[PDB]
Structures are given as structure tokens and as C-alpha cells.
>>> print(open('protein-v9.json').read())   # JSON, N, CA and C atoms
[["chain", "number", "residue", "atom", "x", "y", "z"],
["A", 18, "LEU", "N", -5.71, 3.52, -13.75],
["A", 18, "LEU", "CA", -5.26, 2.35, -12.98],
["A", 18, "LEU", "C", -5.53, 2.51, -11.49],
["A", 19, "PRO", "N", -5.94, 1.45, -10.81],
["A", 19, "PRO", "CA", -5.98, 1.51, -9.35],
["A", 19, "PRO", "C", -4.58, 1.75, -8.82],
["A", 20, "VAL", "N", -4.51, 2.34, -7.64],
["A", 20, "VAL", "CA", -3.26, 2.70, -7.00],
["A", 20, "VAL", "C", -3.23, 2.02, -5.65],
["A", 21, "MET", "N", -2.09, 1.42, -5.33],
["A", 21, "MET", "CA", -1.81, 0.88, -4.01],
["A", 21, "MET", "C", -0.62, 1.61, -3.42],
["A", 22, "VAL", "N", -0.78, 2.11, -2.20],
["A", 22, "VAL", "CA", 0.24, 2.93, -1.55],
["A", 22, "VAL", "C", 0.66, 2.28, -0.24],
["A", 23, "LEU", "N", 1.95, 1.99, -0.11],
["A", 23, "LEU", "CA", 2.53, 1.49, 1.13],
["A", 23, "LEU", "C", 3.12, 2.67, 1.91],
["A", 24, "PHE", "N", 2.60, 2.88, 3.11],
["A", 24, "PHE", "CA", 3.11, 3.85, 4.06],
["A", 24, "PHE", "C", 4.06, 3.12, 4.99],
["A", 25, "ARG", "N", 5.30, 3.57, 5.04],
["A", 25, "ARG", "CA", 6.37, 2.84, 5.71],
["A", 25, "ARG", "C", 7.17, 3.75, 6.62],
["A", 26, "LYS", "N", 7.74, 3.15, 7.67],
["A", 26, "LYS", "CA", 8.79, 3.73, 8.49],
["A", 26, "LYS", "C", 10.08, 2.97, 8.18],
["A", 27, "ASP", "N", 11.22, 3.64, 8.33],
["A", 27, "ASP", "CA", 12.45, 3.12, 7.75],
["A", 27, "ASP", "C", 12.95, 1.88, 8.49],
["A", 28, "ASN", "N", 12.99, 1.94, 9.82],
["A", 28, "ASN", "CA", 13.61, 0.89, 10.64],
["A", 28, "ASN", "C", 12.50, 0.11, 11.34],
["A", 29, "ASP", "N", 11.89, -0.81, 10.60],
["A", 29, "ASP", "CA", 10.67, -1.48, 11.04],
["A", 29, "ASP", "C", 10.70, -2.90, 10.50],
["A", 30, "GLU", "N", 10.79, -3.88, 11.41],
["A", 30, "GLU", "CA", 11.01, -5.28, 11.02],
["A", 30, "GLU", "C", 9.78, -5.86, 10.32],
["A", 31, "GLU", "N", 8.59, -5.68, 10.92],
["A", 31, "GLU", "CA", 7.36, -6.14, 10.25],
["A", 31, "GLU", "C", 7.14, -5.43, 8.92],
["A", 32, "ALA", "N", 7.53, -4.16, 8.83],
["A", 32, "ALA", "CA", 7.37, -3.51, 7.55],
["A", 32, "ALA", "C", 8.17, -4.21, 6.46],
["A", 33, "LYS", "N", 9.18, -5.03, 6.82],
["A", 33, "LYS", "CA", 9.94, -5.68, 5.76],
["A", 33, "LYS", "C", 9.07, -6.69, 5.01],
["A", 34, "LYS", "N", 8.26, -7.47, 5.73],
["A", 34, "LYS", "CA", 7.47, -8.48, 5.02],
["A", 34, "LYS", "C", 6.41, -7.81, 4.18],
["A", 35, "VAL", "N", 5.80, -6.74, 4.70],
["A", 35, "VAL", "CA", 4.75, -6.11, 3.92],
["A", 35, "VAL", "C", 5.36, -5.46, 2.69],
["A", 36, "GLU", "N", 6.58, -4.93, 2.81],
["A", 36, "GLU", "CA", 7.24, -4.33, 1.65],
["A", 36, "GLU", "C", 7.55, -5.39, 0.59],
["A", 37, "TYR", "N", 7.96, -6.59, 1.01],
["A", 37, "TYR", "CA", 8.14, -7.68, 0.05],
["A", 37, "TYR", "C", 6.83, -8.02, -0.66],
["A", 38, "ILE", "N", 5.77, -8.18, 0.12],
["A", 38, "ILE", "CA", 4.47, -8.54, -0.41],
["A", 38, "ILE", "C", 3.99, -7.52, -1.42],
["A", 39, "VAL", "N", 4.08, -6.23, -1.06],
["A", 39, "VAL", "CA", 3.67, -5.16, -1.97],
["A", 39, "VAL", "C", 4.51, -5.19, -3.24],
["A", 40, "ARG", "N", 5.83, -5.37, -3.12],
["A", 40, "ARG", "CA", 6.64, -5.37, -4.34],
["A", 40, "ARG", "C", 6.29, -6.58, -5.21],
["A", 41, "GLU", "N", 5.98, -7.70, -4.57],
["A", 41, "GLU", "CA", 5.59, -8.90, -5.32],
["A", 41, "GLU", "C", 4.32, -8.63, -6.11],
["A", 42, "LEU", "N", 3.33, -8.02, -5.48],
["A", 42, "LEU", "CA", 2.08, -7.74, -6.17],
["A", 42, "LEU", "C", 2.27, -6.69, -7.25],
["A", 43, "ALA", "N", 3.15, -5.71, -6.99],
["A", 43, "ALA", "CA", 3.47, -4.70, -7.98],
["A", 43, "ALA", "C", 3.96, -5.34, -9.27],
["A", 44, "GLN", "N", 4.81, -6.35, -9.15],
["A", 44, "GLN", "CA", 5.29, -7.04, -10.34],
["A", 44, "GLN", "C", 4.20, -7.90, -10.97],
["A", 45, "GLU", "N", 3.47, -8.64, -10.13],
["A", 45, "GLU", "CA", 2.41, -9.51, -10.61],
["A", 45, "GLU", "C", 1.33, -8.73, -11.34],
["A", 46, "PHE", "N", 1.04, -7.49, -10.92],
["A", 46, "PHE", "CA", 0.00, -6.70, -11.56],
["A", 46, "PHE", "C", 0.57, -5.49, -12.30],
["A", 47, "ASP", "N", 1.84, -5.55, -12.67],
["A", 47, "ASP", "CA", 2.48, -4.45, -13.39],
["A", 47, "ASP", "C", 1.68, -4.07, -14.63],
["A", 48, "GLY", "N", 1.45, -2.78, -14.81],
["A", 48, "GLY", "CA", 0.66, -2.33, -15.93],
["A", 48, "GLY", "C", -0.82, -2.28, -15.67],
["A", 49, "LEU", "N", -1.28, -2.90, -14.59],
["A", 49, "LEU", "CA", -2.68, -2.94, -14.23],
["A", 49, "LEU", "C", -2.97, -2.14, -12.97],
["A", 50, "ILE", "N", -1.95, -1.87, -12.16],
["A", 50, "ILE", "CA", -2.08, -1.01, -11.00],
["A", 50, "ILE", "C", -0.80, -0.20, -10.89],
["A", 51, "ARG", "N", -0.88, 0.90, -10.16],
["A", 51, "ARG", "CA", 0.31, 1.66, -9.80],
["A", 51, "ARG", "C", 0.55, 1.54, -8.31],
["A", 52, "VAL", "N", 1.82, 1.43, -7.93],
["A", 52, "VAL", "CA", 2.23, 1.27, -6.54],
["A", 52, "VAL", "C", 3.17, 2.41, -6.18],
["A", 53, "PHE", "N", 2.90, 3.05, -5.05],
["A", 53, "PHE", "CA", 3.74, 4.10, -4.50],
["A", 53, "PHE", "C", 4.17, 3.70, -3.10],
["A", 54, "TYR", "N", 5.38, 4.13, -2.72],
["A", 54, "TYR", "CA", 5.92, 3.89, -1.38],
["A", 54, "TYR", "C", 6.14, 5.23, -0.70],
["A", 55, "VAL", "N", 5.43, 5.46, 0.40],
["A", 55, "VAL", "CA", 5.52, 6.73, 1.12],
["A", 55, "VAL", "C", 6.25, 6.51, 2.44],
["A", 56, "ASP", "N", 7.39, 7.20, 2.62],
["A", 56, "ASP", "CA", 8.09, 7.20, 3.90],
["A", 56, "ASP", "C", 7.46, 8.26, 4.80],
["A", 57, "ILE", "N", 6.86, 7.82, 5.90],
["A", 57, "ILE", "CA", 6.13, 8.69, 6.82],
["A", 57, "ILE", "C", 6.98, 9.86, 7.29],
["A", 58, "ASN", "N", 8.26, 9.62, 7.57],
["A", 58, "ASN", "CA", 9.08, 10.70, 8.11],
["A", 58, "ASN", "C", 9.54, 11.64, 7.02],
["A", 59, "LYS", "N", 9.81, 11.13, 5.81],
["A", 59, "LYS", "CA", 10.21, 12.00, 4.71],
["A", 59, "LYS", "C", 9.03, 12.74, 4.09],
["A", 60, "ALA", "N", 7.81, 12.22, 4.22],
["A", 60, "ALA", "CA", 6.60, 12.87, 3.72],
["A", 60, "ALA", "C", 5.52, 12.87, 4.79],
["A", 61, "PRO", "N", 5.73, 13.60, 5.89],
["A", 61, "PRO", "CA", 4.72, 13.61, 6.94],
["A", 61, "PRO", "C", 3.41, 14.24, 6.49],
["A", 62, "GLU", "N", 3.41, 15.19, 5.55],
["A", 62, "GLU", "CA", 2.14, 15.80, 5.17],
["A", 62, "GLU", "C", 1.21, 14.81, 4.46],
["A", 63, "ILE", "N", 1.76, 13.86, 3.71],
["A", 63, "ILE", "CA", 0.91, 12.86, 3.06],
["A", 63, "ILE", "C", 0.35, 11.90, 4.11],
["A", 64, "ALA", "N", 1.20, 11.42, 5.00],
["A", 64, "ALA", "CA", 0.70, 10.59, 6.11],
["A", 64, "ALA", "C", -0.36, 11.32, 6.92],
["A", 65, "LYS", "N", -0.15, 12.62, 7.16],
["A", 65, "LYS", "CA", -1.12, 13.38, 7.94],
["A", 65, "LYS", "C", -2.44, 13.46, 7.19],
["A", 66, "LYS", "N", -2.37, 13.73, 5.89],
["A", 66, "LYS", "CA", -3.60, 13.86, 5.13],
["A", 66, "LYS", "C", -4.41, 12.58, 5.24],
["A", 67, "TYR", "N", -3.73, 11.43, 5.20],
["A", 67, "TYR", "CA", -4.46, 10.16, 5.13],
["A", 67, "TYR", "C", -4.53, 9.48, 6.48],
["A", 68, "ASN", "N", -4.31, 10.24, 7.55],
["A", 68, "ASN", "CA", -4.51, 9.79, 8.93],
["A", 68, "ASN", "C", -3.74, 8.51, 9.22],
["A", 69, "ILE", "N", -2.51, 8.45, 8.71],
["A", 69, "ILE", "CA", -1.63, 7.29, 8.88],
["A", 69, "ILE", "C", -0.84, 7.50, 10.15],
["A", 70, "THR", "N", -1.04, 6.63, 11.12],
["A", 70, "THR", "CA", -0.27, 6.73, 12.35],
["A", 70, "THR", "C", 0.51, 5.48, 12.69],
["A", 71, "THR", "N", 0.09, 4.32, 12.22],
["A", 71, "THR", "CA", 0.85, 3.10, 12.38],
["A", 71, "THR", "C", 1.40, 2.68, 11.03],
["A", 72, "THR", "N", 2.56, 2.04, 11.05],
["A", 72, "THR", "CA", 3.13, 1.52, 9.83],
["A", 72, "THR", "C", 3.47, 0.06, 10.08],
["A", 73, "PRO", "N", 3.34, -0.80, 9.08],
["A", 73, "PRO", "CA", 2.99, -0.61, 7.68],
["A", 73, "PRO", "C", 1.50, -0.41, 7.55],
["A", 74, "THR", "N", 1.11, 0.50, 6.67],
["A", 74, "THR", "CA", -0.27, 0.66, 6.27],
["A", 74, "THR", "C", -0.31, 0.66, 4.77],
["A", 75, "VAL", "N", -1.29, -0.03, 4.21],
["A", 75, "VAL", "CA", -1.49, -0.04, 2.77],
["A", 75, "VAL", "C", -2.84, 0.59, 2.46],
["A", 76, "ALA", "N", -2.87, 1.59, 1.56],
["A", 76, "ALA", "CA", -4.12, 2.21, 1.14],
["A", 76, "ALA", "C", -4.32, 2.00, -0.34],
["A", 77, "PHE", "N", -5.59, 1.90, -0.74],
["A", 77, "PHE", "CA", -6.00, 1.75, -2.11],
["A", 77, "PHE", "C", -6.81, 2.96, -2.52],
["A", 78, "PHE", "N", -6.50, 3.46, -3.71],
["A", 78, "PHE", "CA", -7.18, 4.57, -4.35],
["A", 78, "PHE", "C", -7.64, 4.18, -5.74],
["A", 79, "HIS", "N", -8.79, 4.71, -6.12],
["A", 79, "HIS", "CA", -9.27, 4.54, -7.49],
["A", 79, "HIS", "C", -10.05, 5.77, -7.91],
["A", 80, "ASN", "N", -9.78, 6.25, -9.11],
["A", 80, "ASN", "CA", -10.47, 7.42, -9.63],
["A", 80, "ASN", "C", -10.17, 8.64, -8.76],
["A", 81, "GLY", "N", -8.99, 8.68, -8.18],
["A", 81, "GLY", "CA", -8.66, 9.76, -7.29],
["A", 81, "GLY", "C", -9.37, 9.74, -5.95],
["A", 82, "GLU", "N", -10.00, 8.62, -5.58],
["A", 82, "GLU", "CA", -10.71, 8.50, -4.31],
["A", 82, "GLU", "C", -10.11, 7.40, -3.45],
["A", 83, "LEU", "N", -10.06, 7.62, -2.13],
["A", 83, "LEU", "CA", -9.58, 6.62, -1.19],
["A", 83, "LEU", "C", -10.63, 5.53, -1.07],
["A", 84, "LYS", "N", -10.21, 4.28, -1.25],
["A", 84, "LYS", "CA", -11.16, 3.16, -1.26],
["A", 84, "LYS", "C", -11.06, 2.26, -0.04],
["A", 85, "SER", "N", -9.85, 1.98, 0.43],
["A", 85, "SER", "CA", -9.73, 1.12, 1.60],
["A", 85, "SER", "C", -8.37, 1.37, 2.22],
["A", 86, "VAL", "N", -8.28, 1.01, 3.50],
["A", 86, "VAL", "CA", -7.07, 1.14, 4.30],
["A", 86, "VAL", "C", -6.86, -0.15, 5.07],
["A", 87, "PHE", "N", -5.65, -0.69, 5.00],
["A", 87, "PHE", "CA", -5.27, -1.90, 5.75],
["A", 87, "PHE", "C", -4.14, -1.56, 6.71],
["A", 88, "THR", "N", -4.31, -1.90, 7.99],
["A", 88, "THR", "CA", -3.27, -1.68, 8.98],
["A", 88, "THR", "C", -3.10, -2.94, 9.81],
["A", 89, "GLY", "N", -2.07, -2.91, 10.65],
["A", 89, "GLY", "CA", -1.81, -4.00, 11.56],
["A", 89, "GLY", "C", -1.27, -5.16, 10.78],
["A", 90, "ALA", "N", -1.82, -6.34, 11.06],
["A", 90, "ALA", "CA", -1.38, -7.55, 10.41],
["A", 90, "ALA", "C", -1.98, -7.57, 9.02],
["A", 91, "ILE", "N", -1.11, -7.64, 8.01],
["A", 91, "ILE", "CA", -1.52, -7.55, 6.61],
["A", 91, "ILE", "C", -0.98, -8.76, 5.85],
["A", 92, "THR", "N", -1.84, -9.39, 5.05],
["A", 92, "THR", "CA", -1.48, -10.58, 4.29],
["A", 92, "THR", "C", -1.49, -10.28, 2.80],
["A", 93, "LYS", "N", -0.73, -11.08, 2.05],
["A", 93, "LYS", "CA", -0.75, -10.97, 0.59],
["A", 93, "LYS", "C", -2.16, -11.22, 0.05],
["A", 94, "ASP", "N", -2.87, -12.20, 0.60],
["A", 94, "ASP", "CA", -4.19, -12.50, 0.07],
["A", 94, "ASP", "C", -5.14, -11.31, 0.21],
["A", 95, "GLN", "N", -5.10, -10.64, 1.35],
["A", 95, "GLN", "CA", -5.94, -9.46, 1.56],
["A", 95, "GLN", "C", -5.70, -8.41, 0.48],
["A", 96, "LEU", "N", -4.43, -8.12, 0.22],
["A", 96, "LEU", "CA", -4.10, -7.07, -0.73],
["A", 96, "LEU", "C", -4.48, -7.49, -2.13],
["A", 97, "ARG", "N", -4.15, -8.75, -2.49],
["A", 97, "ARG", "CA", -4.48, -9.24, -3.82],
["A", 97, "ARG", "C", -5.98, -9.18, -4.10],
["A", 98, "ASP", "N", -6.81, -9.57, -3.13],
["A", 98, "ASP", "CA", -8.26, -9.54, -3.33],
["A", 98, "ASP", "C", -8.78, -8.12, -3.53],
["A", 99, "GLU", "N", -8.19, -7.13, -2.86],
["A", 99, "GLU", "CA", -8.55, -5.75, -3.13],
["A", 99, "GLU", "C", -8.16, -5.35, -4.54],
["A", 100, "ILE", "N", -6.94, -5.69, -4.95],
["A", 100, "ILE", "CA", -6.49, -5.39, -6.31],
["A", 100, "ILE", "C", -7.49, -5.94, -7.33],
["A", 101, "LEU", "N", -7.92, -7.21, -7.15],
["A", 101, "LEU", "CA", -8.85, -7.81, -8.09],
["A", 101, "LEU", "C", -10.20, -7.09, -8.11],
["A", 102, "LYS", "N", -10.70, -6.68, -6.94],
["A", 102, "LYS", "CA", -11.93, -5.89, -6.89],
["A", 102, "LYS", "C", -11.89, -4.66, -7.81],
["A", 103, "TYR", "N", -10.82, -3.86, -7.74],
["A", 103, "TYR", "CA", -10.71, -2.64, -8.53],
["A", 103, "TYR", "C", -10.26, -2.90, -9.96],
["A", 104, "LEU", "N", -9.86, -4.13, -10.31],
["A", 104, "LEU", "CA", -9.66, -4.45, -11.71],
["A", 104, "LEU", "C", -10.93, -4.90, -12.40],
["A", 105, "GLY", "N", -11.99, -5.15, -11.65],
["A", 105, "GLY", "CA", -13.19, -5.74, -12.22],
["A", 105, "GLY", "C", -13.26, -7.24, -11.96]]
>>> encode(input="protein-v9.json", output="C-alpha cells")
Amino acid sequence: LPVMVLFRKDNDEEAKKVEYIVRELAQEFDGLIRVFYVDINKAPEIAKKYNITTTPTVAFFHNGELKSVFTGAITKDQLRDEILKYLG
């Protein structure tokens, strides 16, 4: 399954909308993708590995490889279109 990972900071107002969007897509594509939520402060080594410095950031992985990274202003349509790409 393709994987979508939300990198988040705890007290972040814009991160709230992206977290809603990601959870919405997680349900919409349940069973077809896996979604993980990484707290930058609780897991700094993962954020460091993936060069995550701003939050919210959403990354996509497939076949154990990093495929794309979205930062800054993030929309549901952007994320959904990536999900569809890796589903075929």
C-alpha cells in the first residue's frame, strides 16, 4: 500500500486543517493506503531523516521509497491526486 505521513507539531493552528484533511482521506482510502502521524518533537530522528523543518508537512512513500513532499499551504485536492497516482 502507498503510505501518507503527516509530520505535525502539537500546538499549531494551520496544522489542524491539514490534520482534518489527512484523516478524511485516510477514511476515504482506508484499506488502499496507510497513514501515519509523526510528532516532530516526540520523534525528532524521523523528522531529521526526512529533512522536515516546517509543519504541517505531508510525505508520500511507495515501495519503501520517498515519492513526494508537500509543505506550506496544502489542499485536500493536492493530496488526493497524489494518492490516486500511487493507486494506479
>>> closest_residue(input="protein-v9.json", among="A:75, A:86, A:96, A:91", to="residue A:42", atoms="only C-alpha atoms")
A:96
>>> select_by_dssp(input="protein-v9.json", residues="stretch 21-99 of chain A", states="strand (DSSP E)", output="list in words")
residues 21, 22, 23, 24, 25, 51, 52, 53, 54, 55, 56, 74, 75, 76, 77, 78, 79, 82, 83, 84, 85, 86 and 87 of chain A
>>> closest_residue(input="protein-v9.json", among="A:36, A:43, A:30, A:103", to="residue A:18", atoms="all atoms listed in the file")
A:103
>>> atom_distance(input="protein-v9.json", atom1="atom N of residue A:78", atom2="atom N of residue A:22")
6.1 Å
>>> atom_distance(input="protein-v9.json", atom1="atom C of residue A:87", atom2="atom C of residue A:74")
4.8 Å
>>> atom_distance(input="protein-v9.json", atom1="atom CA of residue A:55", atom2="atom C of residue A:21")
9.2 Å
>>> residues_near_point(input="protein-v9.json", point="(-3.9, 12.1, 3.8)", cutoff="12 Å", atoms="only C-alpha atoms", output="MDAnalysis selection string")
chainID A and resid 22 24 55 57 60:70 76 78 82:83 86
>>> residues_around(input="protein-v9.json", residues="residue A:102", least_positions_apart="2", cutoff="12 Å", atoms="only C-alpha atoms", output="PyMOL selection string")
chain A and resi 19+50+77-79+84-85+95-100+104-105
>>> residues_around(input="protein-v9.json", residues="residue A:73", least_positions_apart="3", cutoff="9 Å", atoms="only C-alpha atoms", output="MDAnalysis selection string")
chainID A and resid 23:26 29 31:33 35:36 87:91
>>> residues_around(input="protein-v9.json", residues="residue A:45", least_positions_apart="6", cutoff="12 Å", atoms="only C-alpha atoms", output="number ranges by chain")
A: 38-39, 51-52, 93, 97, 100-101
>>> select_by_dssp(input="protein-v9.json", residues="chain A", states="helix (DSSP H, G or I)", output="PyMOL selection string")
chain A and resi 30-45+61-66+93-104
